[PDB]
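Read the structure below first, then the notes.
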Amino acid sequence: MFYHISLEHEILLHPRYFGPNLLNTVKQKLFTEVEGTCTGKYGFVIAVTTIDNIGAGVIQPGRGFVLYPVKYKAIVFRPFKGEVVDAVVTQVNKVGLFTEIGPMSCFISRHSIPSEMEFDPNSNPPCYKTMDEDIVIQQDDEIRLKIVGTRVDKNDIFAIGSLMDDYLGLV
Amino acid sequence: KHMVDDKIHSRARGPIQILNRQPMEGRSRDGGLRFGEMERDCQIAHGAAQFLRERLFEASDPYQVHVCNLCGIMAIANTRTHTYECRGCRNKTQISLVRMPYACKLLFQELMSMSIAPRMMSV
Amino acid sequence: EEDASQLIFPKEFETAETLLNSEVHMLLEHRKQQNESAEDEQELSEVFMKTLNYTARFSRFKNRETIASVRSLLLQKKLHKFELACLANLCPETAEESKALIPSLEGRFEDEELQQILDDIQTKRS
Amino acid sequence: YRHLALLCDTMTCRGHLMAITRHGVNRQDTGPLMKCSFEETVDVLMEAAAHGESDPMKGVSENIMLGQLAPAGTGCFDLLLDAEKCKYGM
Amino acid sequence: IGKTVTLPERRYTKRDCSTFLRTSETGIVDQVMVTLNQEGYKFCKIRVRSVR
Amino acid sequence: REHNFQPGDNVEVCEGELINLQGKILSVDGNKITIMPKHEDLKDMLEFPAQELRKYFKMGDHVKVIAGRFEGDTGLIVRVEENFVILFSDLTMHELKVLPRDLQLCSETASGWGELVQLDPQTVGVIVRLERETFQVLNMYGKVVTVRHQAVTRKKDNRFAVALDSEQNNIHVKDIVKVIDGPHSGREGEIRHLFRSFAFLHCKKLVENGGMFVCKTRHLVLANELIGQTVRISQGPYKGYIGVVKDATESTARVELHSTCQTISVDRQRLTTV
Amino acid sequence: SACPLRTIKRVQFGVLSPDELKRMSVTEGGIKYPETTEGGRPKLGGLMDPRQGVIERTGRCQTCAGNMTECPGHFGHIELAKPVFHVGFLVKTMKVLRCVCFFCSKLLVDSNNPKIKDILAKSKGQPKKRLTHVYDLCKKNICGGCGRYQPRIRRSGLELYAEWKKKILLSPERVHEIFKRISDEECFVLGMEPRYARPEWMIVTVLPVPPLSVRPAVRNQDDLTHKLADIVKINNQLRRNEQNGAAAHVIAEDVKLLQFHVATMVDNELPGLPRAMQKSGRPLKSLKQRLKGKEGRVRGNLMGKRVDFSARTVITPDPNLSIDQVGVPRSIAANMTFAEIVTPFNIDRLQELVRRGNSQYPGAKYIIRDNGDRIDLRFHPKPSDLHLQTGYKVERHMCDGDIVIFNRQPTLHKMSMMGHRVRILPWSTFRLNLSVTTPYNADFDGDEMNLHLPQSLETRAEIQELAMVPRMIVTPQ
Amino acid sequence: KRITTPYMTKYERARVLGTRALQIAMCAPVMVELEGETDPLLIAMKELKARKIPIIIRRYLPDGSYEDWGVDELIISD
RNA sequence: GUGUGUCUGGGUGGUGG
Ligand SMILES: [Mg+2]
Ligand SMILES: [Zn+2]
Ligand SMILES: [Zn+2]
Ligand SMILES: [Zn+2]
């Protein structure tokens, strides 16, 4: 999940920043641009504290801008299959369970769960709650769940989680 | 019968041909002048490569198509829905916008119609 | 197309080195601290602090010395870095639970040795 | 003399007498797009398609057709921003 | 010459197909004739005069 | 009946020693396909047709709803059963379950906003659904009304729309504004509406309840005639010359002189009409 | 545009594979209906499929959501009932056919042989040359494999006759069958790339159809669409005849006519064969005719093309100008424009130029803002629009001192087009110093001249540093 | 080791003047005291005489390598 | 209390430098 992986980004820089603080402007622009991406594969980015090198500044012909190819190790936000991660829940719907990992809005289907857990709509907080309160799946509690699927829709990072395995949660 | 008033002509930006997007022909149709082959030869003789590039590509028929990086075929681009698909090699990510003359796109499309695959790559 | 049970990764993601939940917690804390030490920066995004407090809730350790020590001990055996970080963030109560958690572990490590290292990391837990 | 010499050398640099025709110029490995620009465009392009010939885009003619800055006079080099020299600015 | 053609199918029941003077040319209209062509439709000729 | 199987749909095998193998359709044929799909790490080629096979999309992908109540919606389904299929869609937050017959990868897309159309010469509207088969446009009273491209009589938007409020603010086309009161007011909005007393609030989110609202503008807060006339130049160097004005501005005008081929630009103070 | 912009380092050529064409075409199931429309509704699967491109102005595509300018058109395909020889690759088809075995479908000379390996090693590196020597040495009779003697292949128009010396008409099905089972290594040593040019791909089992951009319409129709209509009509007739009639002679005649139609779609200059002559009394203009001519596509639109920002008027003498100066009429200067980038240095001057408007000559025409939008000054916009800010671009008219390239045809030598400085003058002729009449070979007996206004400051600077009249008084010839 | 000529060609000068003019046009900071000249091209020529153009020229050798030369490192044609 | 569609495609002939 948290991989210290090199990431390549291209900086298009206006000539107004061709001053004594040119490279500082390059770094600031990279920090402002790269953060918060919701592309299908790479997703959210954590690379403020790390830079490998800044490539040479190639002046594009016919355009005032300049290309600064910057290499740097980065932390990616990508989906995967067949592994289980510590998770904390968010607001839960009636039949579908919404859990959250970082900013990623994970989802869980109803009948995929083992029968020791069932929804109780008569409960005051609408959330996945067991009758005996053995494990309560509600907002802001520690749980465990696996992820197998990947999802993209108009560059909105999405995924579906599963909890077919038992014994997971406060473990 | 020849006067200057029947021969003076100027054009900045106006109508274009339908098939290729280059400017039209003639001053009756307000078409602009042909930067012919020998003009290109004279401009490379100058070495004014930027002026030649502007005249041929930029001043006549600028265009840009999205092309897949794996196979050099132009990819479907839906810019407003912000998705770019190279349907044919199962690619949705390795898509690159490439600036070319409209006549070059036209030529490559007829070559594709002739079963030739003008696979263009940035590699 | 990616699968964890066979421990198959893409070409790019394979060569990367995985870092623990406490490691990203420490790096996020350092990034936030130097953000407080920054030269008049703009307001940060919700995604950053959301991930930061999620890592804070997932945290099991707080001192860097123990992190360095556990990183030193966990590379001794041929335990892949993804399942290494998974075990560090999870830390179940027995070897069978780890085996049922990550299905790649099954066969690679015996139950006795796996229970030994699990008990060791549980004793080192503070 | 330079232009005469350059003509003679160009048409005798391949050992045989390279006639300035369809028959000499289009037999060299200059690239499919330059040859198609010169003469018998369809024949050259179909032969290239059959033989998988690739154009490395090193000539002026190919880049001209593709609209890219030619390797000619003002395009035979790159310009790099001297970031250190920009530190003297104000 | 003001000429409009009807459309097969509001604000825009017709399409304007008027003929305009040539863009670079000016002058004084000096002779306008209206007559009928070979097959009976209306047919006009307009002579424009330009002192050079 | 008909066998309407679409490429991009996944199938599952029931019989044989090749049970529960899912592969992506790569070609389509009439009734007998003998397809060679890409199963999960299968080193053997299977040629089996689509007659017995059933349309089940794979794990975690996105599908589209063609028929049913969610007509034209993109759904994401994770369920392996014969008569129970569950989705979380984007148009609908309240969770209902849709039948697999109305699930395929058709090109109906309900992910969309703000497109301007005209219903009256003065009154305009904001569309909510962007589809080729149902053009549903909102109306300020809190309903949804269907329209069509040929029934709308499109008029070019005039960019002189300056909506104004009672808090003495100043706002124009493509501006963000707020309101002190409202259930889901107080968010980012793009204002492009041609009127003075009402202004629509814009959201690109879910369009059922929490993506549209409007209230009266009392509560909003911040953040030519001379063409063709025959004129006589009664002043200046060109005095007495006769012409017809072609281009007339507030200050100057362009005059088509009758006596010469030149068309001069003269101030309107030196122009006297006939 | 969220995709990374980049140049083209190389262009690989090849032959589109039939399966690649099938999975590339937007027309799933192929084009089956010759009719272009149904009661005015553009018929899907016809020759004006809305998925292929954009039907009309202010219309949107279906494959993409681009408009007429945005959409670069998308391809369709026709699945052919029977294959046909691609007339373009015909000679290549004969050469590969004679190189390989008719029955064994193997190379007539085995690649495993050490002496033959040495022979091809002398020629490794060049595909066409390797194929040429392979053809030259086979020009053998018997294969190793089966010892059946190969036939002699001959062409009569479009069909192929295989003469054993039973002369049979070699159908394209048989050629496709032969080429299908040739190995990739055999293909490589044969002189064809197996990745890009497999032997079975020249025979046309799937015919691509271009987008509507290649074959536009007004309600006139491009002749390319007419040929496509003929091809698909013949193809549907062939499909029905195979399904129902199944008579060999009518099948053969229909296949011959199908070959003729696809060939005439590609090349309409076959000797002996009839011209694809339309009902209008006009011969066709095929794809080969589109590409080959001087007025065609390469020489007519790629190498040299019509340009904007150009002027032409007769030239008259003017001894008062300098050699590097050129007289320019007021109307010509007022018509074309040079896009000036707004700076705080010239904000006041450019604001005045904007205020003066396009009506008065020393004014402007457009204002390209920082967002890429341009506003016309002929439409008299509100002064809030006319407020200039730094970074905007103002298309002021051509003022004095502007650098122009001044060209006279025929453009013989380097001095035939030269940089000149603009001086505004009353009357309607360009003016030249009498000294520059010699490099241009220009007289003043009605000579016209072509002016070119470089649009970017980079182009202006390079013309100023390279092509000005003083800089090129001395010629290298 | 740089083996290309220390002189700066007319093509190098034309290109560097053009791009420096384009940069000064969109408000890149100047590198010379301005007497008051307005158009970017004359200002760029002034920087050229001052040898204060902050652009590295990468001359591409036919063997595929290159040689980076600063404008200050080269010698003016005039 | 506004605003873009400008009959294409061939052929023939004459003409200017
Ligand atoms: Mg002459
Ligand atoms: Zn591709
Ligand atoms: Zn399209
Ligand atoms: Zn054989």
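Lettering and numbering for the structure tokens are positional, with chains as A, B, ... in the shown order, residues counted from 1 in each chain, and ligands counted from 1 in the shown order.
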TODO: Can you pull out every residue within 10 Å of residue 61 of chain F, counting only C-alpha atoms (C1' of nucleotides), but drop anything in the same chain fewer than 2 positions away, and send it as a count of residues only?
DONE: 15
Task: Contact residues around residue 2 of chain E with only C-alpha atoms (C1' of nucleotides) at 10 Å, ignoring same-chain residues under 5 positions, as an MDAnalysis selection string - done: chainID E and resid 16:20
Using only C-alpha atoms and all ligand atoms, tabulate the residues of chain G lying at most 10 Å from any atom of ligand 1, each with its closest atom pair and that distance in Å to one decimal, by chain and increasing residue number, as JSON lines.
{"residue": "G:409", "atom": "CA", "partner": "ligand 1", "partner_atom_place_in_ligand_line": "1 (Mg)", "distance": 8.6}
{"residue": "G:410", "atom": "CA", "partner": "ligand 1", "partner_atom_place_in_ligand_line": "1 (Mg)", "distance": 8.2}
{"residue": "G:441", "atom": "CA", "partner": "ligand 1", "partner_atom_place_in_ligand_line": "1 (Mg)", "distance": 7.9}
{"residue": "G:442", "atom": "CA", "partner": "ligand 1", "partner_atom_place_in_ligand_line": "1 (Mg)", "distance": 8.0}
{"residue": "G:443", "atom": "CA", "partner": "ligand 1", "partner_atom_place_in_ligand_line": "1 (Mg)", "distance": 8.6}
{"residue": "G:447", "atom": "CA", "partner": "ligand 1", "partner_atom_place_in_ligand_line": "1 (Mg)", "distance": 8.4}
Only N, CA, C and O atoms, please: the residues just picked out, written as a PDB file, in the first residue's frame.
ATOM      1  N   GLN G 409       6.952  35.087 -57.032  1.00  0.00           N
ATOM      2  CA  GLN G 409       7.098  33.833 -57.750  1.00  0.00           C
ATOM      3  C   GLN G 409       7.633  34.079 -59.157  1.00  0.00           C
ATOM      4  O   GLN G 409       7.321  35.102 -59.774  1.00  0.00           O
ATOM      5  N   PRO G 410       8.433  33.161 -59.721  1.00  0.00           N
ATOM      6  CA  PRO G 410       8.930  31.888 -59.172  1.00  0.00           C
ATOM      7  C   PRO G 410      10.052  32.070 -58.153  1.00  0.00           C
ATOM      8  O   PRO G 410      11.004  32.809 -58.377  1.00  0.00           O
ATOM      9  N   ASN G 441      14.201  39.790 -59.366  1.00  0.00           N
ATOM     10  CA  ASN G 441      13.966  39.769 -60.812  1.00  0.00           C
ATOM     11  C   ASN G 441      12.643  40.455 -61.137  1.00  0.00           C
ATOM     12  O   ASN G 441      11.895  40.043 -62.025  1.00  0.00           O
ATOM     13  N   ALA G 442      12.349  41.515 -60.397  1.00  0.00           N
ATOM     14  CA  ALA G 442      11.063  42.177 -60.467  1.00  0.00           C
ATOM     15  C   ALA G 442      11.148  43.391 -61.373  1.00  0.00           C
ATOM     16  O   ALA G 442      12.119  44.148 -61.335  1.00  0.00           O
ATOM     17  N   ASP G 443      10.135  43.550 -62.199  1.00  0.00           N
ATOM     18  CA  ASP G 443       9.932  44.742 -62.992  1.00  0.00           C
ATOM     19  C   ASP G 443       8.735  45.482 -62.416  1.00  0.00           C
ATOM     20  O   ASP G 443       8.158  45.079 -61.405  1.00  0.00           O
ATOM     21  N   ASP G 447       3.887  43.520 -62.318  1.00  0.00           N
ATOM     22  CA  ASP G 447       4.334  42.471 -61.410  1.00  0.00           C
ATOM     23  C   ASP G 447       3.548  42.526 -60.109  1.00  0.00           C
ATOM     24  O   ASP G 447       3.328  43.601 -59.553  1.00  0.00           O
TER      25      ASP G 447
END
With only C-alpha atoms (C1' of nucleotides) and all ligand atoms counted, collect every polymer residue having an atom within 8 Å of ligand 4; state the result as a PDB file with C-alpha atoms, in the first residue's frame.
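Okay, this is what ended up in part-v9.pdb:
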ATOM      1  CA  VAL G 100       6.970 -19.500 -51.012  1.00  0.00           C
ATOM      2  CA  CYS G 101       5.630 -22.981 -51.739  1.00  0.00           C
ATOM      3  CA  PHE G 102       2.133 -23.283 -53.169  1.00  0.00           C
ATOM      4  CA  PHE G 103       1.314 -26.503 -51.308  1.00  0.00           C
ATOM      5  CA  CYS G 104       3.860 -26.767 -48.481  1.00  0.00           C
ATOM      6  CA  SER G 105       3.505 -22.993 -47.793  1.00  0.00           C
ATOM      7  CA  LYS G 106       7.193 -22.934 -46.880  1.00  0.00           C
ATOM      8  CA  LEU G 107      10.118 -20.977 -48.240  1.00  0.00           C
ATOM      9  CA  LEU G 108      11.244 -22.383 -51.573  1.00  0.00           C
ATOM     10  CA  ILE G 142      10.635 -28.101 -56.017  1.00  0.00           C
ATOM     11  CA  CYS G 143      10.985 -27.923 -52.224  1.00  0.00           C
ATOM     12  CA  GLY G 144      12.727 -30.184 -46.864  1.00  0.00           C
ATOM     13  CA  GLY G 145       9.125 -31.114 -47.576  1.00  0.00           C
ATOM     14  CA  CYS G 146       6.881 -32.392 -50.366  1.00  0.00           C
ATOM     15  CA  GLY G 147       8.455 -32.620 -53.800  1.00  0.00           C
ATOM     16  CA  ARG G 148       5.485 -31.267 -55.740  1.00  0.00           C
TER      17      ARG G 148
END
Residues within 12 Å of ligand 2 (only C-alpha atoms (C1' of nucleotides) and all ligand atoms), as a PDB file with C-alpha atoms, in the first residue's frame?
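Everything below was put into part_28.pdb:
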ATOM      1  CA  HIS B  66      -4.743  12.201 -29.299  1.00  0.00           C
ATOM      2  CA  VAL B  67      -2.691   9.126 -30.185  1.00  0.00           C
ATOM      3  CA  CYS B  68      -2.075   5.954 -28.206  1.00  0.00           C
ATOM      4  CA  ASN B  69       1.448   5.314 -26.984  1.00  0.00           C
ATOM      5  CA  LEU B  70       1.369   1.539 -27.500  1.00  0.00           C
ATOM      6  CA  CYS B  71       0.012   1.506 -31.051  1.00  0.00           C
ATOM      7  CA  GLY B  72       0.436   4.585 -33.172  1.00  0.00           C
ATOM      8  CA  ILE B  73      -3.266   4.972 -33.947  1.00  0.00           C
ATOM      9  CA  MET B  74      -5.328   8.018 -33.021  1.00  0.00           C
ATOM     10  CA  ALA B  75      -7.381   7.388 -29.895  1.00  0.00           C
ATOM     11  CA  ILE B  76     -10.939   8.414 -29.131  1.00  0.00           C
ATOM     12  CA  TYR B  84      -9.447   9.108 -23.588  1.00  0.00           C
ATOM     13  CA  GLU B  85      -9.713   5.579 -24.959  1.00  0.00           C
ATOM     14  CA  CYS B  86      -7.609   3.780 -27.537  1.00  0.00           C
ATOM     15  CA  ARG B  87     -10.327   1.269 -28.320  1.00  0.00           C
ATOM     16  CA  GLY B  88      -8.524  -1.435 -30.264  1.00  0.00           C
ATOM     17  CA  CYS B  89      -5.597  -2.213 -27.987  1.00  0.00           C
ATOM     18  CA  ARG B  90      -7.519  -2.003 -24.669  1.00  0.00           C
ATOM     19  CA  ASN B  91      -5.791   1.183 -23.525  1.00  0.00           C
ATOM     20  CA  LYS B  92      -7.225   4.099 -21.576  1.00  0.00           C
ATOM     21  CA  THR B  93      -4.137   5.719 -20.007  1.00  0.00           C
ATOM     22  CA  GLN B  94      -1.241   5.819 -22.500  1.00  0.00           C
ATOM     23  CA  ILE B  95      -2.785   8.547 -24.664  1.00  0.00           C
ATOM     24  CA  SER B  96      -0.796  11.552 -25.879  1.00  0.00           C
ATOM     25  CA  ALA B 117      -1.029   1.594 -40.584  1.00  0.00           C
ATOM     26  CA  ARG B 119       1.745   4.030 -36.497  1.00  0.00           C
ATOM     27  CA  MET B 120       3.145   7.253 -35.067  1.00  0.00           C
ATOM     28  CA  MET B 121       4.928   7.093 -31.728  1.00  0.00           C
TER      29      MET B 121
ATOM     30  CA  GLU G  20      -7.177  -5.005 -35.431  1.00  0.00           C
ATOM     31  CA  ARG G  23     -11.641  -4.057 -32.898  1.00  0.00           C
ATOM     32  CA  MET G  24     -10.735  -0.538 -34.065  1.00  0.00           C
TER      33      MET G  24
END
Open item on the list: For ligand 3, return the neighbouring residues as a list in words (distance at most 6 Å; only C-alpha atoms (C1' of nucleotides) and all ligand atoms).
Closed with: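 Taking only C-alpha atoms (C1' of nucleotides) and all ligand atoms into account, the residues around ligand 3 at most 6 Å away are residues 53, 61, 63, 64, 66, 71 and 73 of chain G.
Here atom CA of residue 133 of chain A is placed at a distance of 16.0 Å from atom CA of residue 113 of chain A.
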TODO: Please measure the separation of atom CA of residue 18 of chain C and atom CA of residue 31 of chain A, giving the value in Å to one decimal.
DONE: 22.3 Å
Shell around residue 111 of chain B at 10 Å using only C-alpha atoms (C1' of nucleotides), local window under 6 positions removed, as a tab-separated table (two decimals) with C-alpha atoms, in the first residue's frame:
chain	number	residue	atom	x	y	z
B	105	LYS	CA	-4.21	13.84	-40.18
B	117	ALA	CA	-1.03	1.59	-40.58
B	118	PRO	CA	0.85	4.90	-40.07
D	42	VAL	CA	1.61	5.91	-53.22
D	45	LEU	CA	4.07	4.27	-48.96
D	46	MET	CA	2.67	0.87	-50.00
D	49	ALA	CA	3.77	-0.65	-45.38
G	13	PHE	CA	4.50	1.81	-41.16
G	15	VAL	CA	-0.49	-3.15	-42.64
G	210	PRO	CA	-12.75	6.31	-43.60
G	287	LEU	CA	-7.52	7.49	-52.94
G	288	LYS	CA	-4.48	7.06	-55.19
G	291	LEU	CA	-2.49	11.30	-52.92
Task: Spatial neighbours of segment 82-88 of chain D, 7 Å, only C-alpha atoms (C1' of nucleotides), chain gap at least 5 places, as a VMD selection string - done: (chain A and resid 18 to 20 22) or (chain H and resid 54 to 56)
Go ahead and write the residues just picked, C-alpha atoms, as a PDB file, in the first residue's frame.
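Result file again08.pdb:
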ATOM      1  CA  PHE A  18      12.420  32.929 -14.253  1.00  0.00           C
ATOM      2  CA  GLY A  19      13.895  34.812 -11.321  1.00  0.00           C
ATOM      3  CA  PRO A  20      16.388  34.241  -8.502  1.00  0.00           C
ATOM      4  CA  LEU A  22      13.242  29.883 -10.100  1.00  0.00           C
TER       5      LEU A  22
ATOM      6  CA  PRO H  54      20.248  33.200 -19.227  1.00  0.00           C
ATOM      7  CA  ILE H  55      19.884  30.436 -21.832  1.00  0.00           C
ATOM      8  CA  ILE H  56      21.994  27.304 -22.294  1.00  0.00           C
TER       9      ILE H  56
END
TODO: Tell me, as a PyMOL selection string, which residues lie within 8 Å of residue 164 of chain F, counting only C-alpha atoms (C1' of nucleotides); anything in the same chain fewer than 3 positions away does not count.
DONE: chain F and resi 168-171+196-197+217
Pull N, CA, C and O atoms from the residues just selected and write them as a JSON list (two decimals), in the first residue's frame.
[["chain", "number", "residue", "atom", "x", "y", "z"],
["F", 168, "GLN", "N", -26.52, 44.56, -1.90],
["F", 168, "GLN", "CA", -25.70, 45.58, -2.57],
["F", 168, "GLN", "C", -24.37, 45.00, -3.04],
["F", 168, "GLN", "O", -23.31, 45.61, -2.89],
["F", 169, "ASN", "N", -24.44, 43.81, -3.62],
["F", 169, "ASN", "CA", -23.27, 43.15, -4.18],
["F", 169, "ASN", "C", -23.29, 43.28, -5.70],
["F", 169, "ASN", "O", -24.26, 43.75, -6.30],
["F", 170, "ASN", "N", -22.19, 42.87, -6.33],
["F", 170, "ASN", "CA", -22.07, 43.01, -7.77],
["F", 170, "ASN", "C", -21.46, 41.75, -8.34],
["F", 170, "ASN", "O", -20.33, 41.39, -7.99],
["F", 171, "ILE", "N", -22.20, 41.11, -9.24],
["F", 171, "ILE", "CA", -21.91, 39.76, -9.71],
["F", 171, "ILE", "C", -22.37, 39.65, -11.16],
["F", 171, "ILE", "O", -23.37, 40.26, -11.56],
["F", 196, "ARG", "N", -33.25, 39.12, -13.24],
["F", 196, "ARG", "CA", -32.86, 40.09, -12.24],
["F", 196, "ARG", "C", -33.40, 39.78, -10.85],
["F", 196, "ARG", "O", -32.84, 40.29, -9.86],
["F", 197, "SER", "N", -34.45, 38.97, -10.74],
["F", 197, "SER", "CA", -35.08, 38.67, -9.46],
["F", 197, "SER", "C", -34.82, 37.25, -8.97],
["F", 197, "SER", "O", -35.00, 36.99, -7.78],
["F", 217, "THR", "N", -33.87, 36.42, -4.62],
["F", 217, "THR", "CA", -32.57, 37.08, -4.53],
["F", 217, "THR", "C", -32.47, 38.13, -3.43],
["F", 217, "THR", "O", -31.45, 38.82, -3.41]]
Task: Distance filter 9 Å, only C-alpha atoms, chain H against chain B, as an MDAnalysis selection string - done: chainID H and resid 11 14:15
